[PDB]
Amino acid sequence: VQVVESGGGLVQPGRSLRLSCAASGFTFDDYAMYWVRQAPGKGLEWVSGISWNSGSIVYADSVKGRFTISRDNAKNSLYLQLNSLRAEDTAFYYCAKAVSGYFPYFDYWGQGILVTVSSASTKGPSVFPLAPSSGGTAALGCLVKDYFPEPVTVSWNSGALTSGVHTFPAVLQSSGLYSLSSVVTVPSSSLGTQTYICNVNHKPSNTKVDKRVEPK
């Protein structure tokens, strides 16, 4: 089973956006397709639903007249057209799937697509080392400062280092830009013997930065 999510990112109020999940490995026309959204920090909201053959279409009141759900069973694709977007529509949009009336319980396929509705301009993150000093445990990290919108992804040594890592939730500063740190604890003895690099990616500003982090 393989899924490809696309659309999403920054869009200004009133403008429009087209989300899609596409999938292979399940019988695409055996299922009613749904969109669920989650405004960041808040809870799940049923948005839209569509029968296997596009026969019946249902929208939640919050989106009726603005959003259009559709599907192409030939292209194994589920679409959501977001028009007349407003700040409150900012959310992670998830693709969901139910067999029939006899079992209408959601299966979620695909990890969610972040839509940020804002007038604010994109700005790439400044990536700065958090250098380790001089029981035998040392912390080091990356400061990913002054970016917009969400999100950024941070890995270490291109995914080779996952053990010990804490990538802090973004916090909005008074400037109207996000900032976070990603840190990792490692043995002291390893500090000189091993290489440590943050892989910061920020799709909205087209910023890929690999920052080396070394003592001092």
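Note that residue numbering begins at 1 and tracks the sequence as displayed.
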Might you work out how many residues are unmodelled in the deposited sequence between residue 134 and residue 135, and answer none, 1 to 3, 4 to 9, or 10 or more?
4 to 9
Averaging the C-alpha B factors as listed in the entry, name the stretch that ends up higher: 181-189 or 47-55.
47-55
Mean C-alpha B-factor comparison - 103-111 and 141-149, higher one:
103-111
Sorting 169, 176, 164, 41 by Cα temperature factor from the record, which one lands on top?
41
Sorting the chain's CA B-factors, does residue 13 end up in the lowest, middle or highest third?
highest
Lowest, middle or highest third - CA B-factor, residue 130
lowest
Chain-relative C-alpha B factor for residue 156 (record values, thirds): the lowest
Would you check the entry's CA temperature factor for residue 3 and let me know if it's in the chain's lowest, middle or highest third?
highest
Of the three thirds of Cα B-factor ranks in this chain, residue 84 occupies the highest
